[PDB]
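Residue numbers (the deposited numbering), protein chains in the order written: chain E, 3 to 109; chain B, 519 to 553, 563 to 664.
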Ligand SMILES: *[C@@H]1O[C@H](CO)[C@@H](O[C@@H]2O[C@H](CO)[C@@H](O)[C@H](O)[C@H]2NC(C)=O)[C@H](O)[C@H]1NC(C)=O
Ligand SMILES: *[C@@H]1O[C@H](CO)[C@@H](O)[C@H](O)[C@H]1NC(C)=O
Ligand SMILES: *[C@@H]1O[C@H](CO)[C@@H](O)[C@H](O)[C@H]1NC(C)=O
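This is how it looks when you write it as structure tokens:
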């Protein structure tokens with residue numbers, strides 16, 4: 003039920019943005035949102051969690067922003083490695099993760 | 519009484535919510551006589576008295592450090608010294624919720640003396656001077 007932008011593109015060194023919205027029942031404003039850089043075959047790497055700060059070791063290039071209707075993941079200073087699939091997740095402290103449809107970033 | 523070291527090995531927050539138990543159980547008053564044999568062998572009492580003196584001395588050393596840091600009456604006190612990233616690079620959540628005070632003490636054990644000198648010199652010795660220069664008029 004959590005819908006992202008199917009695809010998004012950004013030039014080299016630019017700042018791209020991935021949307022992440024869903025239904026009223028599963029609202030971004032109600033819960034917290036985490037983002038994942040997930041190459042499909044490889045093990046996924048946590049990049050954003052709790053809608054604030056970042057995962058440990060993540061460069062300051064990744065940034066997040068949660069509106070009351072949709073979430074946005076911003077990746078400044080785009081790199082060739084950033085051409086992977088990104089997934090958002092809605093959750094509480096006791097309810098499991100709800101992944102989105104996914105977004106493929108082109109550079 | 520009870521609950522001593524109840525939060526050992528837990529998150530640093532759970533430990534920093536119950537410092538009063540450790541504080542009251544640091545200094546154990548003499549267990550009074552249940553009931563004749565108050566006079567005892569000299570050799571036997573020598574160990575117990577030395578242990579009590581060492582305990583009292585360690586407590587007064589900690590209280591002396593408190594006094595020269597300006598935190599005599601409180602168990603928790605914030606200071607003016609900024610954290611230098613040299614000693615630790617991990618953030619707040621990586622410390623207070625993920626780690627315990629044990630591994631944390633070992634990580635900062637090398638720098639604990641360096642922080643102590645800073646806590647004693649950088650802030651309080653300037654604070655008292657600025658207080659005298661401020662209330663001088
Ligand atoms: C240490 O003890 C704590 C509990 O005192 C354990 O972590 C908690 O486990 C319960 C039970 O699943 C959860 O409801 C809490 O949310 C947990 N707390 C945290 C901060 O995660 C923990 O598993 C124990 N082990 C270690 C190594 O810390
Ligand atoms: C932090 O540590 C470095 C290296 O020891 C030192 O050069 C610097 O002055 C320190 N900064 C502070 C504020 O103590
Ligand atoms: C502390 O110093 C010793 C050397 O005396 C060193 O081997 C150790 O890695 C140091 N640990 C930290 C956390 O600085």
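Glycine included, C-beta positions come from ideal geometry on N, C-alpha and C.
Counting every other CB atom within 10 Å of its CB across the protein chains shown gives residue 594/B a total below 16, marking it as exposed. A residue is called buried once 16 or more other Cβ atoms fall within 10 Å of its Cβ, and residue 586/B, having fewer, is exposed.
In the displayed model, residue 622/B falls within a helix according to three-state DSSP. By the criterion of at least three beta-carbon pairs nearer than 8 Å, the region 574-592 of chain B is not in contact with the region 628-637 of chain B. The set of residues whose C-beta lies within less than 7 Å of a heavy atom of ligand 1 reads, in chain order, 527/B, 528/B, 529/B, 532/B and 624/B. Closer than 6 Å to some heavy atom of ligand 3: that does not describe the Cβ of residue 611/B. Following the DSSP letters along the chain, one finds residue 92/E inside the beta strand (DSSP E) bounded by residues 87-93.
The Cβ atoms of residue 92/E and residue 11/E lie no closer than 7 Å to each other.
With fewer than 16 other Cβ atoms inside 10 Å of its own Cβ, residue 641/B counts as exposed. Counting along the chain, residue 594/B sits inside the alpha helix (DSSP H) bounded by residues 569-596.
If you draw a straight line from the Cα of residue 608/B to the Cα of residue 540/B, it comes to about 26 Å. Counting other Cβ atoms within 10 Å of its Cβ, residue 37/E reaches 16 or more and is therefore classed as buried.
Membership of residue 539/B in the alpha helix (DSSP H) is indicated by the continuous run 537-544.
With a contact defined as Cβ atoms closer than 8 Å, residue 522/B and residue 543/B qualify at about 5 Å. Contact annotation, residue 536/B with residue 524/B: C-beta distance approximately 6 Å; criterion of less than 8 Å satisfied.
Under DSSP, residue 39/E takes part in a beta bridge, and its partners are 47/E and 88/E. The continuous alpha helix (DSSP H) containing residue 655/B extends over residues 652-661.
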